[PDB]
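Each chain, written out:
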Amino acid sequence: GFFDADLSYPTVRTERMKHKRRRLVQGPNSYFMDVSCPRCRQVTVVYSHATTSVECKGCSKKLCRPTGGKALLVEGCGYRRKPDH
Amino acid sequence: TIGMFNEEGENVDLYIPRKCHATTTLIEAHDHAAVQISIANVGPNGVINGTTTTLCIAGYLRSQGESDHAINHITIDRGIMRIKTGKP
Amino acid sequence: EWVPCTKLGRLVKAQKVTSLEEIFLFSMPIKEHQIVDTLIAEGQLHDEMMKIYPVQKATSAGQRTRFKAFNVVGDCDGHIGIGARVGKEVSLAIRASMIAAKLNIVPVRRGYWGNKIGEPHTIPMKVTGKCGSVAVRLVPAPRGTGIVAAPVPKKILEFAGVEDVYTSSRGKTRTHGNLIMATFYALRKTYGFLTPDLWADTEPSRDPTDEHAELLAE
Amino acid sequence: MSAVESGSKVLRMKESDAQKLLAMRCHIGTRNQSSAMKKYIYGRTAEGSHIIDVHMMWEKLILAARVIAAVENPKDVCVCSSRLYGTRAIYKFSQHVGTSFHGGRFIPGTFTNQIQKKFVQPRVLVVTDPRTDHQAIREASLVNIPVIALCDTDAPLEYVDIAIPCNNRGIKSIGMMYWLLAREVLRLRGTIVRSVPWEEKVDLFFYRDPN
Amino acid sequence: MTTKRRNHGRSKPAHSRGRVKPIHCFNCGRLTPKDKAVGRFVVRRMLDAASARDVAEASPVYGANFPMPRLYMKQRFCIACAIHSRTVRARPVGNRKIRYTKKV
Amino acid sequence: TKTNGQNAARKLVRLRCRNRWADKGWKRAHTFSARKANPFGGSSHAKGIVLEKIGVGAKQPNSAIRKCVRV
Amino acid sequence: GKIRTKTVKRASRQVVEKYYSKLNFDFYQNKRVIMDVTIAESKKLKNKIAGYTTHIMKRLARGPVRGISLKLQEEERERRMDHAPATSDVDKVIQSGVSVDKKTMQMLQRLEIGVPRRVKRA
Amino acid sequence: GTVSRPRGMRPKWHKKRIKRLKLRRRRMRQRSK
Amino acid sequence: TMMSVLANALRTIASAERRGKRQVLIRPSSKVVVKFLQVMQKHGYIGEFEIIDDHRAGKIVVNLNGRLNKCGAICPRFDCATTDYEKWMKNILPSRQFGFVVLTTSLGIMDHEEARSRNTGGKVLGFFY
RNA sequence: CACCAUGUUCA
RNA sequence: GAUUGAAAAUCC
RNA sequence: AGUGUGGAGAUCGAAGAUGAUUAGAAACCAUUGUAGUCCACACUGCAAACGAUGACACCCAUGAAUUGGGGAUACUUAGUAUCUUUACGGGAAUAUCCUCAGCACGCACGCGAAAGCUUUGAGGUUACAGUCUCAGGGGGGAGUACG
RNA sequence: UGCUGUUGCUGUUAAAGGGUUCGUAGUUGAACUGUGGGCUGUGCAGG
Ligand SMILES: [K+]
Ligand SMILES: [K+]
Ligand SMILES: [K+]
Ligand SMILES: [K+]
Ligand SMILES: [K+]
Ligand SMILES: [K+]
Ligand SMILES: [K+]
Ligand SMILES: [K+]
Ligand SMILES: [Mg+2]
Ligand SMILES: [Mg+2]
Ligand SMILES: [Mg+2]
Ligand SMILES: [Mg+2]
Ligand SMILES: [Mg+2]
Ligand SMILES: [Mg+2]
Ligand SMILES: [Mg+2]
Ligand code: NA
Ligand code: NA
Ligand code: NA
Ligand SMILES: [Zn+2]
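To keep things clear, this report deals only with the structure shown in the data block.

Conventions used here
Residues numbered from 1 in each chain as written, not as in the entry; some residues may be left out. Chains lettered and ligands numbered in written order. Part of a larger assembly, values for the part shown. Heavy atoms only, no water. Residues with missing side-chain atoms left out of burial classes, pairs and counts. Contact = heavy atoms within 4.5 Å. Helix = DSSP H or I, 4+ residues; strand = E, 2+ residues; numbered from the N terminus. Nonpolar A, V, L, I, M, F, W, Y, C, P; charged D, E, K, R; others polar. Disulfide = S-S within 2.5 Å. Buried < 20%, exposed > 50% of the residue type's maximum accessible area, 1.4 Å probe, protein only. Salt bridge = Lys/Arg side-chain N within 4 Å of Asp/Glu carboxyl O. Arc of directions from axis to C-beta. Patch = residues over 30% accessible without salt bridge, like charges linked within 9 Å, V, L, I, M, F, W, Y side chains within 5 Å. Areas by Shrake-Rupley, 256 points an atom, 1.4 Å probe, with all protein chains shown as cover. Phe/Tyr/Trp six-rings, centres within 6.5 Å; stacked < 30°, edge-to-face > 60°. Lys NZ or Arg CZ within 6 Å of the ring centre and 35° of its normal.

1. What about the interface of chain D and chain G?
Step number 1: Across the contact, 28 residues belong to chain D and 29 residues belong to chain G.
Step number 2: For the side of chain D that touches chain G, the elements supplying multiple residues, two or more each, are α1 (15-24), β1 (41-44), β2 (50-52), α2 (54-69) and α6 (202-205) of chain D.
Step number 3: No other element matches α1(D), which puts 7 residues into the side of chain D that touches chain G.

2. Brief notes about the interface of chain B and chain D
Interfaces are frequently sized by the accessible area removed from exposure as the parts join.
Step number 1: Every contact between the two is made by 34 residues of chain B and, on the other side, 39 residues of chain D.
Step number 2: Secondary structure elements with two or more residues in the side of chain B that touches chain D: β1 (35-42), β2 (48-57), α1 (59-64) and α2 (67-78) of chain B.
Step number 3: Among the elements that make up the side of chain B that touches chain D, the one with the highest residue count is β1(B) (7 residues).
Step number 4: Classifying every residue of the side of chain B that touches chain D by side-chain character gives 14 nonpolar, 16 polar and 4 charged.

3. What to know about the state of the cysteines
Residue and element names in this part refer to chain A.
Step number 1: By the definition in use, this model includes 1 disulfide over all chains.
Step number 2: Through a disulfide, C37 is tied to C59; the S-S separation comes to 2.0 Å. Linking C37 in the loop between β1 (32-36) and β2 (43-47) with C59 in the loop between β2 and β3 (64-65), this pair joins segments that are 22 residues apart in sequence.

4. So, the environment of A52(E)
Residue and element names in this part refer to chain E.
Step number 1: Within the secondary structure, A52 is located in helix α1 (residues 49-58).
Step number 2: Taking the relative accessible area as the measure of exposure, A52 reaches 8% and is therefore buried.
Step number 3: As a C-alpha pair, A52 and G29 span 23 residues in sequence and 32 Å in three-dimensional space.

5. Digging into the pattern of salt bridges
A pair can form between side chains of opposite charge whenever their charged atoms are brought close.
Step number 1: Applying the stated criterion across every chain, the model contains 31 salt bridges over all chains.
Step number 2: Of the charged contacts, one joins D13(B) and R109(C) as a salt bridge, the two residues approaching to 2.8 Å between their closest N and O atoms. Of this pair, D13(B) sits in the segment before β1 while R109(C) sits in the loop between β4 (105-107) and β5 (127-131), each in a different chain. Taken as a pair, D13(B) and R109(C) share a single burial class, namely buried.

6. Things to note about helix α5 (residues 89-96) of chain G
Step number 1: Listed as buried for α5(G) are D89(G), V90(G) and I94(G). Summarising the axial view, the buried residues of α5(G) lie within an arc of 135°, below the 170-degree limit, and thus occupy one face. Residues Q95(G) and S96(G) are exposed on α5(G) and point more than 90 degrees away from its buried face.
Step number 2: Tucked inside the fold, the buried residues of α5(G) contact α1, α5 (171-189) and α6 of chain D together with β1 (98-100) of chain G.
Step number 3: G97(G), located one to two residues past α5(G), shows a positive phi value of around 110°.

7. Some thoughts on a nonpolar patch on the surface
Residue and element names in this part refer to chain A.
Step number 1: The grouping of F32, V45 and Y47 at the surface amounts to a nonpolar patch, some 270 Å² of accessible area in total.
Step number 2: Topologically, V45 is positioned in strand β2.
Step number 3: For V45, a relative accessible area of 49% corresponds to the partly exposed category.

8. Topic: the packing of aromatic side chains
Step number 1: Under the criterion given, the structure shown has 21 aromatic pairs over all chains.
Step number 2: Pairing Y85(D) with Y207(D) gives two aromatic rings, centres 5.5 Å apart and planes at 40°, and the pair type is tilted. Placement of the pair is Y85(D) in the loop between β3 (77-81) and α3 (87-97) and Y207(D) in the segment after α6, with a sequence separation of 122 residues.
Step number 3: Residue classification places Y85(D) among the partly exposed positions, given a relative accessible area of 33%.
Step number 4: The exposure class of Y207(D) is buried, given its relative accessible area of 19%.
Step number 5: Aromatic pair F36(I) and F128(I): ring centres 6.3 Å apart, planes at 70°, arrangement edge-to-face. Taken together, the residues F36(I) in helix α2 (residues 31-43) and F128(I) in strand β8 (residues 122-128) connect sequence positions 92 residues apart. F128(I) matches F36(I) in its accessibility class, with the two residues each being buried.
Step number 6: Here the aromatic cluster, defined as three or more aromatic residues joined through ring pairs, consists of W199(C), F36(I), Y45(I), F100(I) and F128(I).
Step number 7: The ring centre of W199(C) lies 4.7 Å from the NZ or CZ of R67(I), which sits over that ring.

Dropping the structure here:
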């Protein structure tokens, strides 16, 4: 005998694969990262699915490349995912 | 008891049909697929005793193929089955 | 004269099973008409031939004619059964029709229209029964209105034991085999519809074969 | 069904039973998945075969054993096998428990044709494979007969009431499962004791070429 | 009337496309759609064994090591021509559904 | 399928008015062409003068002469 | 066209089942036994029955045939097959060691009984 | 086959015949207008 | 597009009951849907139901006991006086012994028996039995 | 892949 | 007249 | 397909011509051939214009695929490789597991007079109400007549 | 005569979805302002 699914309290495995708008309560699939410029190590807050080209305030250097989702960060830069709240 | 009654109080129903224990549906006299499963009770030791627990399942559940799932659910509800293995 | 070939028939012959309601409760198929003959009291069961018509199959030399016969059996109190059988001769078809009608007996739920005074007179709820394209809808009726139905469904309802009912019919009702089957199915659904009276849980009971397994073995 | 009203842990699976299952590979599937049998699969191995949850297998085995032991007249239980690998297993199971059996081809109409003779009316049906023993299950669907099946990962669970997840393909696994079921039924009846191991051998349950 | 085939005899679903350019039949020249036409790719040996060995014995380049050339052609037939030439035959109602995804 | 609005009474009235003309009996009753073509002019009986006596051959499969009068 | 009709085949099979040690591989002695052991209005049928009985015996010497069940041979085969080995195959496998995969090892670790004694990962 | 009982000419040829009929009638009326 | 949230919810519940599910999810939700569900719960045709807040049109999870046969919505919401109760019962209900017609009266959303008891009419919302 | 048309009326 | 089961047709 | 006005005119080819075949055979078959076919611009609006299935919305069982875009490598959570690789190259394709949108396949109910349909309804309908719109009402006459 | 269908018709194949899109009348149209508390008695109340 196995556990029967509950519609009001979905399991972790069931809810993890759901589409962001098909979940029980919708939520963002994106986040923010703290990214250090590989030139002078200045730290800027960039967005995961950033469609614009992010320049550092000091280096004036591209820090990300737009794609069809989850913009690609420049080579040689460190990034840390900031907490959601 | 259970059934349709007069204002005089006498039971009027010809008979009281069995109800499926999974979906709560009256088991008709013509479906010919409904089963009656009796699980023997067990004492503190391994030997069974006289008492048994009875399950009724409607024929359409078996036709659909959900009879096994329904029986698992009913047995876990009655406490006959263990839903998960204990901690090591 | 009758030697049973089934456990239910053996129990009926040994008088371990007393009423048809015991069979109906456990949904056992009745495979011997002597079971119904024994369980229904003498003189209560009534049979009538609803319809007889010929059916033909074309053949290299002419065509072959068989006769299909419909029989209705009922004790006029909450029991109805319809049988249909085909034979080379009218008498053989009629006899097989009685056998099939006895085999296909079912219970009928009878309720009230308004207040519950005396014995029930009508069906407890609206029920529709469909065979082929013919569909027969039975609606509860007040006391004293009788059976407002076509002549063919009216006799089936009389044998089933209802007194007051409203009947509507759709489809090619001239197809009387389908009409009879539709009326039979509509009467059958009455004990299949769930009602707040039947919400309470009932304690399980032993199957008669389970209870008399040792007797049947010997 | 390892849970008892008193709460005793007598019926729980033990180390010896787990060793027997692992030795005879009763926990191996057939790399094909069925929706009804998905709950009984713990995971998929690197070779692609599915791995069956042994706790759930034991739960279903004990439930089937209790259902069979509840039958007062053992001849009312019919054990069927048509894949030529469970014939010896069901024959030995019938010897030990006391039930009836039918190996090989299942003649249509056995449960429904009440004239033809050789006509039986079992109260519980036991089958080695839902797919191979499809005729027996279909006939039991007409005469109010609950079905206990030994089902693999790709098993159609139509009209199957108690499905035991197991490897119903290998000779060793079929013999192991039937031996375990017979041992559990006898222990529940009280014919044998659970303290001393059963004297009977599963090699007898194993299928052997007659020639 | 009665829909004989659920795909109506052509490998074109309802909402897939509107028109498919027809092709001339290999035998009679009838213009039939490419999805409806019975298509077979044939690799025919240019000489049957009896004559191929006779040519190989006289050929200084052809033999066991070097094989003879073949003829490769895609033949698309109209339904009538395919049925007449027996590359495709009428089938029972039950067997009408079975299809082969490779040259067996 | 039909309209089910709460304020769709005009649409339903127009629909029924349009579709009633497809009934042959209703159209025949509500149109004067049938009454104009009817020799009786909408009367149950009519009086006339017997012009001549004739015999009309019955259609197949029957075979007889029916006595009629042109009036 | 020399096929044995179902009557001949059934009679010959019954003859073989009833008398097996009393039969032989030749036709003439088998027919001589047939005349006494069978009652029939015809001699052509007796000859055909004897011939097919000889054929059945020749087949039976090489191996068992479908439709004929000899009680003594069946009992001997059952007794031979019911021979119990000294030590169980499960016991041999457990003693030699049981090999399990990573996934099989996982639930054994997750079990309430824990990992069995003589099981190792492959 | 491919078509049920027509109970008459082929419908396409009947439509062509009626089309020619209408053409002739319109010509005759244009004549007398 | 979606025109009747209540009709969609009642159709979802009826389909789930026909299929025999243990519980069903209704999306979206509204006050009328919640009151209808509360009437059915009070009469016992459903059990535990839980409203999940979305910061939007929330959703509902309803646990179903096998007691409910059919529930549906009457569209358009025909106005029904205190004398039309018998006609509506004989039209849309299976019997005069059981089944309820849910009306939105000026005193709230209630079944036809309660509406007759309080002597008030209103617009017909739906039915259940 | 030459040609290969038609059967008075009811019954 | 023949013909047909009656007609038609034919012959007579 | 046809029409108008320019082009174009290889191929095939209504009409026509000739040769066959036939009792007949400007039918099928041969050999031709005009208009057409192709283009530009302007008409026409007559298809078995079909899925013979109106549009929008909701619910809806199973297994194997396929196209495009992403993402990952009544239980508090469950892996994963392969191949190419000096410039559309922090590349390309593969494997596994997801997700969203699309064409589908064999499919659970249910439905249908059946044939069949089935998350792609023809299902969720006498237990008949989500919304809007178009058509139909025995067979001809006749999509004719007249305007 | 649920063969005019508001109740209550039908349109894959029986009569009957418009070739397709846009589109005014017209008809239809997503949520949301909102659990009043306390007291005493009293209910196989229940957890
Ligand atoms: K498309
Ligand atoms: K097209
Ligand atoms: K016709
Ligand atoms: K000729
Ligand atoms: K002629
Ligand atoms: K040419
Ligand atoms: K109609
Ligand atoms: K508008
Ligand atoms: Mg044809
Ligand atoms: Mg055809
Ligand atoms: Mg047609
Ligand atoms: Mg000329
Ligand atoms: Mg045009
Ligand atoms: Mg008409
Ligand atoms: Mg049509
Ligand atoms: Na094709
Ligand atoms: Na000719
Ligand atoms: Na000639
Ligand atoms: Zn061709």
